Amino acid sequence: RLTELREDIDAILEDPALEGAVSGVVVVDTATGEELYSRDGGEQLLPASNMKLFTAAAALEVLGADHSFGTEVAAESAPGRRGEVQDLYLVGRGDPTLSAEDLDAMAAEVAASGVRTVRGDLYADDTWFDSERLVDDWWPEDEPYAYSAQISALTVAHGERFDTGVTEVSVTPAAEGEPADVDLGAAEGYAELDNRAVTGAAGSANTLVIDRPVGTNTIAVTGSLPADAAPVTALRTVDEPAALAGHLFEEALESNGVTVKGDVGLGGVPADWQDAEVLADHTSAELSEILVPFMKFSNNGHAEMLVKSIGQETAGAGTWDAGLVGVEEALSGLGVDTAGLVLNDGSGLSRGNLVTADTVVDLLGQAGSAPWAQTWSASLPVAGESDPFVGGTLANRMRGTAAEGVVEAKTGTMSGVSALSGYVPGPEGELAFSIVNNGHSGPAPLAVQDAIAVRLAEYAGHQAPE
């Protein structure tokens, strides 16, 4: 039954979509350690978001499944008779799920400590990580988009998916020839708006563009929205995630009857502050739960935040250089041979990253041995599951096949890069596989990856639903 499996994958790999592409494809039985298939498993390839496998495993090793992230509000002394403080610091220590609701709850805590007036200025302290907002080789033209948000220790997560450093931009049409109505979301009052969008005729062509031009904190809206088109939302990044947290916290304070008299900006707690008075704090959920939004939807901000957090744990340095080194050590200490691994980031966004299929499968096997194995494998997208928090980036792939509800796998995708790596459990074998494709010049080779995942599901002992 091995040869038939081998002949089938071979044939799948002949596909025209893989013309001039380099593909690493390795399949292994995790129980018997049997090698089932191996094509170019030592070839170094861009993994895209398959990099998160290495990041998540390292984060579980260094921080632990039980780890949580904190955010504080400090003043130099507690409020007095008159409920006054001077300057106020909002302090982020790497929470990637900190919401506007959580800012409100802390705002209510500030007020309940008996503060009525912030007489000085409000500061947003993100000094727990360094101020390097973006990886060196990330593309400036990708900067307006969510997967490319700036990295900070203090950042507001939008939605149940916890997309960091972004605002939700809405555009609603009016009558033909009148401007579109635009809303900036959280960044109303923080980012600038440049609205040039108009309402087009009903049944005309939608040509709306929402941008944030490079090096600006301006949301620029161009084009035309047809009078009958559905109202639109788009997540766009802001310059300085923490100064947005600052602005939003100013809003939550006032909502909770605390007047801010001064300004809002970035700044770190002074250090001539003798004994800061913590007036509010928040504690995230634990890493094991945070892994879900992070791995299902392949959340880039989360990955980089987790890397800088590794750095802080291992070295007191909230930094890509320290974290990445700690990612390798943790993988090493886990029994992973890291010879083929090149780490330029945690998310896989960077074109500086390199893996091999063997390294991936190596990681996949070594994780199952660890204490945190169940929580790790739970975070992985499940093929063909329509609940986004189950299927993740696999929700609309492999539906109505043997892989539906079985294949647990991480996706990864860029121009000329596509990867699918993970697990296929079954009565006929518990399988680990990695499929990494580079250099294809046509459609994304997802039909090839699916076709292999489905065939593996059949090997593991599952049936197509009918």
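In case it trips you up, residue 1 is the first one in the sequence shown, and so on. For the two forms, the rigid core is made up of the largest set of C-alpha atoms that agree within 1.5 Å on superposition.
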Comparing 150-158 with 169-177, larger root-mean-square C-alpha distance from this form in 8 other deposited structures of this protein, core superposed, belongs to 169-177
Between 36-44 and 426-434, greater root mean square CA displacement in 8 other deposited structures of this protein relative to the shown form, after rigid core superposition, belongs to 426-434
Quick one: say whether 112-120 or 201-209 has the higher mean Cα B-factor in the deposited entry. 201-209
Given the B-factors recorded for C-alpha atoms, which segment has the greater mean, 260-268 or 127-135? 260-268
Chain-relative C-alpha B factor for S68 (record values, thirds): the middle
Split the chain's modelled residues into thirds by Cα B-factor; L431 lands in the highest
Compared with the other modelled residues in the chain, in which third is the CA B-factor of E328? middle
Third assignment of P179 from its chain's C-alpha B-factors: middle
Within this chain, which third does the Cα B-factor at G422 fall in: lowest, middle or highest? lowest
